[PDB]
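Position 528, counted from 1, in the first sequence is what the deposited numbering calls 528; the numbers after and before it change by one each time, with no gaps. Note that beta-carbon positions come from the ideal geometry of N, C-alpha and C, so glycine has one too. To keep things clear, I will list the structure first and then write my remarks on it.
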Amino acid sequence: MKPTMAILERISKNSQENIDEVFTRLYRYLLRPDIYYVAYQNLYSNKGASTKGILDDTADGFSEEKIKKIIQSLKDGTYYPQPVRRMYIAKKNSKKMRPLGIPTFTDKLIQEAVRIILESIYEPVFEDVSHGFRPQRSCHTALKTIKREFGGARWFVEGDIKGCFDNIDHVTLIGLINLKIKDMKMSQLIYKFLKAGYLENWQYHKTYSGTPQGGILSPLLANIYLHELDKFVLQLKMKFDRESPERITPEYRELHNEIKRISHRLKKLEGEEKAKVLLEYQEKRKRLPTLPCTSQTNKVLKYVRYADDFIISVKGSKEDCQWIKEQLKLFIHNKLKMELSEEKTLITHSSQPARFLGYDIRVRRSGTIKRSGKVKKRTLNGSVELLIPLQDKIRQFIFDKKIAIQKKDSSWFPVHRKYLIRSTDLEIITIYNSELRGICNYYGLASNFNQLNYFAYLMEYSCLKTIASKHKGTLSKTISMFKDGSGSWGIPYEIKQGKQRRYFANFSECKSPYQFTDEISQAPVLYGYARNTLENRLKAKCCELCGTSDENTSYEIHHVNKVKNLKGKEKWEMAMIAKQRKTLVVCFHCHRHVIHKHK
RNA sequence: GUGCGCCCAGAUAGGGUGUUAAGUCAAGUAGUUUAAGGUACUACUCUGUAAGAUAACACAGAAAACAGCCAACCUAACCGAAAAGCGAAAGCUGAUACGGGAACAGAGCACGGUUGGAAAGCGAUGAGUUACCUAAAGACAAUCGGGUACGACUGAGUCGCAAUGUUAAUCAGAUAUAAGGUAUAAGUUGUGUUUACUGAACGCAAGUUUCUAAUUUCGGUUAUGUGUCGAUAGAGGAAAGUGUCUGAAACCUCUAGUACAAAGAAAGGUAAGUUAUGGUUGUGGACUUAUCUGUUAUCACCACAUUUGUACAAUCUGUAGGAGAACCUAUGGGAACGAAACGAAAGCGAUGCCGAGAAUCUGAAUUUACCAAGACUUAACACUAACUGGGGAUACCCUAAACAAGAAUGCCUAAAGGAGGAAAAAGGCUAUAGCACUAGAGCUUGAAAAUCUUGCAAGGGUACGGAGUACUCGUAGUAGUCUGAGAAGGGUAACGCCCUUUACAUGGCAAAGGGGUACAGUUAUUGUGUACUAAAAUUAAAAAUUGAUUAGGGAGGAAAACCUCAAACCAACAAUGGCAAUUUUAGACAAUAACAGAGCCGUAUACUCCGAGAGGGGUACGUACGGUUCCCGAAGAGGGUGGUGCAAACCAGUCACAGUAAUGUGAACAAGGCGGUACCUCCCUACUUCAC
RNA sequence: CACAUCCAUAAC
């Protein structure tokens with residue numbers, strides 16, 4: 001009959017085909033409970049699952065009967081999502097709080113389902129220039145887009161919108177949805193989420209090392225709003241550009257044409273008077289790469305957007321670059337009701353560093369003349385060349401985590417992190433290899449990535465001074481205790497296969513600025529394509545520590561996040577070390593007596 | 001829970017410190033002197049100066065001692081125990097029998113001792129094999145072509161430092177709070193490091209040790225030898241510097257790693273100051289000073305990077321700033337234009353203390369003018385220790401001493417006879433099957449020697465490691481004037497002080513370790529307080545109603561334009577109306593439970609290291625007594641009166657089955673009993689390693 | 001463009 005998940009894929013082709021359909025009758029799909037399994041095939045890969053909203057309902061309970069206790073309450077307009085619990089936290093290096101949000105498990109499975117319906121309709125309407133909270137797009141696709149078609153632009157518009165994600169209008173958002181979805185009971189389910197919700201966002205930009213992925217925490221809602229801007233300026237791109245004929249300058253064509261008249265003469269004679277005209281060939285060559293092959297009267301705008309930033313590269317004047325900053329204020333006022341901050345829409349001319357996603361971003365004008373071998377272009381003119389901010393960002397990291405020390409000649413000398421003596425030699429290197437591999441993998445596109453050598457010096461020699469103090473040893477005895485047999489140093493464990501070693505991270509295996517690893521590798525699980533999942537053990541109705549296959553006892557989910565905190569002396573922790581999984585079933589009689597023996 | 005470490009007393013059981021006073025000891029050789037002075041002179045002998053080559057005359061030296069270093073041997077204190085006694089074991093005791101044997105700290109408290117002159121460590125090293133790169137880009141062949149101190153792997157064979165220290169000989173004075181040093185607690189949290197608390201016992205003062213910098217290659221290069229594209233050097237390489245055939249007139253190494261001039265100019269080596277430190281206080285490298293006998297003859301020369309200025313180019317040289325780059329000033333390239341790390345901090349002051357040569361000058365100073373102070377040996381005096389002699393109230397282990405206390409065992413012949421007729425278990429007894437018991441099993445046999453349950457005189461062991469303020473016991477004796485005053489003064493200083501007076505045998509700390517009680521402080525529990533004063537930002541203030549608002553209902557299976565379906569209503573800011581622990585205004589406390597050492601300062605006293613000294617670092621906070629905040633230990637192990645289930649199994653009749661009772665019994669996780677394990681606990685314990 | 005050493009050893 002197409003079980004619901006082929007009907008949703010039937011729509012995600014349907015938006016692409018009709019270039020404007022008013023998509024009606026979307027509510028009837030949330031109720032057949034087959035899509036409420038892909039919601040449970042999503043909610044296992046999110047970090048923040050222990051913090052709760054106001055009621056004490058723990059983040060589990062995945063049972064087909066509360067599917068009815070869901071889906072029947074989705075019927076008579078009697079599901080109303082939770083009010084606010086403001087357990088405050090503030091952004092790095094600043095005194096600002098941006099409100100933080102969480103539901104009860106119920107809401108997470110409707111929300112994670114109204115995400116999938118709304119992701120079916122809007123995803124082939126999201127324009128290419130957005131790269132924020134999407135599939136198959138991340139931080140690095142934005143950077144890579146800058147490294148191609150931003151190349152060679154005279155000026156920047158390095159925008160900011162004054163709290164763009166707490167200023168989100170709860171009333172003209174829903175007016176925009178209801179151009180597309182012409183459905184009545186959908187919006188009221190959405191508008192239970194707006195004003196009975198929160199505004200529910202974070203600050204920790206360094207969690208993915210320069211990303212607001214925690215540091216904005218929402219579904220796609222924020223993108224649906226902004227897509228009216230990403231529709232506007234890619235409409236502004238056609239009013240702006242007027243493409244002129246002249247690309248190679250007329251100062252350049254008088255020198256470009258006279259090369260071929262005398263290069264045709266160089267082969268007609270070699271000898272002594274060849275060398276005399278070779279001086280008016282080779283010393284005349286000294287203003288040939290000083291002559292440039294580009295013209296700055298043609299007019300070209302670009303646009304890139306992540307979630308809340310956007311950067312706009314324009315081929316023109318500063319007259320022009322203060323007209324684009326004009327016809328944005330006429331917009332984010334009138335059609336989105338927000339202030340594009342005149343303080344911090346920094347126009348910075350391009351040859352100066354911008355700042356977009358934690359990179360410094362700029363065009364090269366340093367007129368060096370390399371070889372490309374027998375052929376020769378200027379490979380460094382007009383190339384957008386991304387850069388770490390070593391002075392803002394890595395300087396901050398090195399001192400925020402207490403690696404280093406400024407010395408009296410300003411030289412940073414590394415010492416031990418005081419609070420890490422309390423773990424093993426394997427725990428500390430896994431502390432430190434994790435931190436180093438994050439920044440380097442973040443900053444792998446950086447044209448001065450080689451410069452992170454100072455940072456990886458400091459990390460490596462401060463990992464060893466921690467392990468030094470715990471053993472009561474020195475920095476030299478600790479490479480001599482942890483010797484190999486090839487001059488490198490490692491950390492041993494006895495595990496089942498014989499001895500291995502933990503080494504330290506690197507460059508060529510954190511650098512690669514074309515390929516990378518696509519889910520941030522914080523002990524990643526496999527794709528369980530052998531039916532080990534959280535859906536076909538539900539149908540087994542099984543009892544592992546239970547023995548009685550009873551219907552009046554509720555089956556559910558016992559998914560806690562972490563497994564390293566389980567000790568193995570109590571009755572419940574001996575099952576999770578055997579099957580090696582975050583989760584199992586939980587009973588109606590099993591949870592309340594065996595887990596809750598003390599409390 | 002750091003080897004010792006209590007409290008009073010004594011001073012060789014082993015020792016330490018100080019004081020005088022005798023005796024002896026050794027200064028290259030002689031001389032003079034006194035004297036058995038010692039370095040002063042005189043004369044010779046040997047050595048030292050390569051500070052960047054050798055010789056000739058002047059400056060420094062020449063012993064013995066103790067104190068230390070290093071190495072190899074032999075042996076006190078310590079070990080599972082020999083061994084050995086001991087209600088037999090609970091625990092105690094090891095002249096020497098092996099094991100270490102300088103031990104782990106000498107820092108309060110011995111390892112010693114002979115013999116020799118030298119090891120860790122740290123920089124400059126072969127072997128012993130790399131694995132690699134090889135001046136030709138590569139292909140060709142250890143072509144020792146021709147490196148192997150390229151670093152490996154190797155674990156120590158060569159050179160340097162480590163490898164010394166102390167001991168009187170011109171006297172007094174002069175810029176004596178002189179420069180210049182040193183103390184002036186510790187900690188908590190103010191994190192904008194803004195002038196803040198605590199018996200801080202100092203005062204002022206918010207921005208300071210600190211970097212952003214080198215010009216006739218001092219680039220896009222670390223916080224290093226290096227290694228690579230430019231301007232800029234192409235003649236070897238395109239008949240191998242050993243060879244072969246090449247790529248190209250392209251290919252490597254330096255010079256073009258400076259346009260003048262000044263000087264020093266490699267190595268060792270002296271003494272200062274650094275970095276080395278790190279987390280506080282003392283031994284190797286490497287920077288930086290300065291210093292290494294004057295004069296003659298061969299000897300006396302080519303550097304080279306900076307010390308020095310420019311000298312011009314120069315990148316693109318902070319930058320505040322207006323400025324598509326090869327665009328515009330200006331203190332010009334520390335020149336606040338900016339940046340990063342760092343609290344009653346950096347600095348400056350104020351007080352009491354230290355202040356060598358005897359600064360350099362001034363009078364030195366008179367038979368070289370004066371010197372008695374090293375080390376041992378003996379005596380006398382003074383002191384002194386955590387050493388030595390004395391001195392001992394709670395919890396744990398033990399249980400012999402029938403020491404005090406409850407356990408004595410069968411029936412039938414027929415109670416008469418007794419079981420002394422018979423049997424024979426039972427308390428018993430040996431091994432150890434075995435799963436505790438049954439002791440098997442002949443057996444004293446028919447309560448003793450083994451039922452538990454306690455204990456003095458008992459026998460052991462541990463606690464003498466500071467947290468808050470009041471009481472038991474050995475004693476106010478073990479101390480005759482308490483080092484905490486007796487007792488009063490006496491300021492001080494925070495005190496207890498030490499200073500002045502003064503009491504006479506209860507006059508004195510109230511000798512020791514550990515208990516006990518009353519109220520405190522923190523943590524983990526457990527229950528509740530919740531008007532001692534009620535009303536509020538207003539959290540319970542989407543309620544209701546609302547506002548006369550608003551477009552919008554309810555239970556299910558199709559793609560989107562739309563298949564179907566059974567056939568007068570929730571929601572749209574809030575507003576408005578009582579309270580709860582309290583920020584808005586006040587005459588969260590109960591209840592139980594347990595309990596640790598970071599120091600620091602004052603006087604006394606014991607030690608050591610760095611310093612000329614003042615002082616600083618440590619020794620359990622060194623210890624004691626006075627003061628003070630900070631602060632409120634972890635983990636395993638056994639043990640359990642007290643906890644419980646399960647496979648086996650205990651035993652006659654709790655069970656059959658008869659029997660002279662016991663006896664063969666097939667059947668008790670029907671455990672009548674209860675171990676054997678598993679579990680959660682709950683409790684005790686420096687038992688064991690940690691932590692200071 | 002740049003791979004990375006020496007950071008000593010020893011008073012509680």
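Check, Outcome
"Segment limits, beta strand (DSSP E) that includes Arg287", "From DSSP, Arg287 is part of no beta strand (DSSP E); its letter is neither H nor E."
"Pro250, enclosing alpha helix (DSSP H) - first and last residue", "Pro250 to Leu266"
"Three-state secondary structure assigned by DSSP to residue 614", "Here the chain has residues from 1 to 599 only, and residue 614 is not among them."
"C-alpha distance - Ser295 paired with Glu435, whole-angstrom precision", "45 Å"
"Spatial distance of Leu31 from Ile181 (CA atoms)", "18 Å"
"Cβ contact check for the stretch 415-423 and the stretch 354-363: 3 or more pairs under 8 Å", "no"
"C-beta atoms of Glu535 and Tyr225 nearer than 7 Å", "no"
"Assumed close pair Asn201, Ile190 - CB separation to whole angstroms, cut-off 8 Å", "With a Cβ gap of about 18 Å, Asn201 and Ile190 do not count as contacting."
"Three-way DSSP call (helix, strand, coil) for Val277 in this model", "helix"
"Stretch pair the stretch 267-274 + the stretch 104-120: three plus CB contacts closer than 8 Å", "no"
"Nearest residue (CA-CA) to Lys370, options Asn167, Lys496 and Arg378", "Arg378"
"Selected residue, minimal CA-CA separation from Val563, among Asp409, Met574 and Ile557", "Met574"
"Beta-carbon gap between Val129 and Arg305 smaller than 7 Å", "yes"
"Expected contact under 8 Å - CB spacing of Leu26 and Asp183 to nearest Å", "5 Å"
"Beta carbon of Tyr208 nearer than 7 Å to that of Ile557", "no"
"Alpha helix (DSSP H) segment containing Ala468, residue limits", "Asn453 to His471"
"Sub-7 Å separation of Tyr198 and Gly101 beta-carbons", "yes"
"Within 7 Å, strictly: CB atoms of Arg362 and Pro353", "yes"
"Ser554 versus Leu458: straight-line alpha-carbon distance, rounded", "54 Å"
"In DSSP terms, what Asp360 is bridged to", "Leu387"
"Beta-carbon contacts of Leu445 that lie in its chain and below 6 Å, excluding the five residues immediately before and after", "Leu143, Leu386 and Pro513"
"Same chain, Cβ closer than 7 Å to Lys470, five either side skipped, listed in chain order", "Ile421"
"Supposed close pair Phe150, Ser313 - CB separation, criterion 8 Å", "5 Å"
"Minimum C-alpha distance to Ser341 - residue among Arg537, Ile35, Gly159 and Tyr80", "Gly159"
"Enclosing beta strand (DSSP E) for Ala6 [first to last residue]", "Where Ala6 is concerned, there is no enclosing beta strand (DSSP E), although the alpha helix (DSSP H) it sits in stretches over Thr4 to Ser12."
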